[PDB]
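A.B. asks: Okay, here's the structure, questions in a sec.
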Amino acid sequence: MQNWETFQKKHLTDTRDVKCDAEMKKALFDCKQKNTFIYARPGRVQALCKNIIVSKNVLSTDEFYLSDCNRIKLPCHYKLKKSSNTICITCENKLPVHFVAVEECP
């Protein structure tokens, strides 16, 4: 949302088999149509954004696990997809805070 911490809770997860319906229904999202959750550690991701302090765009060199929820059929009936691919994020203050895109950064 604004800092790497808030961006962590909404775009990162601890369990690879997260529950889209049980997590999205939470007030944090409020049954959001779709969301892109990642599967990694805070120290493994911090080292990826511990190269720049100013605002810049960084693209992961290696592929990371990606658990995303997508609106397949309203209301809160969503699906979970797991795929390892690179991601484009905005680095700031030695930490990432925004999700730009995947292999292609618009």
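Chain identifiers are assigned as A, B, and so on, following the order in which chains appear in the structure tokens; residues are numbered from 1 within each chain, and ligands are numbered from 1 in order of appearance.
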Identify, with DSSP run on backbone atoms, the residues in chain A assigned to alpha helix (DSSP H), and express the list as a list in words.
C.D. replies: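 Checking each residue of chain A, the alpha helix (DSSP H) ones are residues 4, 5, 6, 7, 8, 9, 10, 11, 20, 21, 22, 23, 24, 42, 43, 44, 45 and 46 of chain A.
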A.B. asks: Taking 6 positions as the minimum chain separation for residues in the same chain, which residues sit within 7 Å of residue 99 of chain A when counting only C-alpha atoms? Answer as a ChimeraX atom specification.
C.D. replies: /A:88-90
A.B. asks: Under the rule that only C-alpha atoms are counted, which of A:1, A:102, A:45, A:76 is the nearest residue to residue 31 of chain A?
C.D. replies: A:76
A.B. asks: Mind giving me the straight-line distance from atom CA of residue 78 of chain A to atom CA of residue 34 of chain A in Å, one decimal?
C.D. replies: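 Taking atom CA of residue 78 of chain A and atom CA of residue 34 of chain A, their separation equals 7.7 Å.
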A.B. asks: One decimal, Å: what's the distance from atom CA of residue 75 of chain A over to atom CA of residue 32 of chain A, could you say?
C.D. replies: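 Answer for the atom CA of residue 75 of chain A to atom CA of residue 32 of chain A separation: 9.3 Å.
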A.B. asks: Using backbone DSSP assignments, extract all strand (DSSP E) residues from chain A; output them as a VMD selection string.
C.D. replies: chain A and resid 12 to 13 35 to 39 56 to 59 64 to 73 77 to 85 88 to 92 95 to 101
A.B. asks: Considering only C-alpha atoms, state which residue in the set A:69, A:91, A:84, A:106 is at the smallest distance from residue 23 of chain A.
C.D. replies: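 Among A:69, A:91, A:84, A:106, it is A:69 that comes nearest to residue 23 of chain A.
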A.B. asks: Which of these residues is nearest to residue 5 of chain A, using only C-alpha atoms: A:66, A:46, A:101, A:21?
C.D. replies: A:46
A.B. asks: Which polymer residues have any atom within 12 Å of an atom of residue 95 of chain A, counting only C-alpha atoms, with same-chain residues fewer than 6 positions away left out, as number ranges by chain?
C.D. replies: A: 2-8, 42-58, 89
A.B. asks: I need the residue nearest residue 26 of chain A from this list: A:74, A:41, A:65, A:10. Use only C-alpha atoms for the distance.
C.D. replies: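 With only C-alpha atoms as the atom set, the closest residue is A:10.
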A.B. asks: Might you pull out every residue within 8 Å of residue 103 of chain A, with only C-alpha atoms counted and same-chain residues fewer than 4 positions away left off, and present them as a PyMOL selection string?
C.D. replies: chain A and resi 59+85-88
A.B. asks: Deliver the residues from the most recent selection as a file, using C-alpha atoms, as a PDB file, in the first residue's frame.
C.D. replies:
```
ATOM      1  CA  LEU A  59      13.253  -7.109 -11.904  1.00  0.00           C
ATOM      2  CA  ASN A  85       8.125 -16.630 -12.513  1.00  0.00           C
ATOM      3  CA  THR A  86      10.035 -13.309 -12.189  1.00  0.00           C
ATOM      4  CA  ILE A  87       8.266 -10.134 -10.945  1.00  0.00           C
ATOM      5  CA  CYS A  88       8.784  -6.378 -11.509  1.00  0.00           C
TER       6      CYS A  88
END
```
A.B. asks: Ranking A:77, A:16, A:11, A:71 by minimum distance to residue 28 of chain A and counting only C-alpha atoms, which one comes first?
C.D. replies: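 Of the candidates, the smallest distance to residue 28 of chain A is held by A:11.
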A.B. asks: Compare A:24, A:12, A:40, A:97 by their minimum atom-to-atom distance to residue 70 of chain A, counting only C-alpha atoms, and give me the closest one.
C.D. replies: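 For residue 70 of chain A, the nearest of the given residues is A:24.
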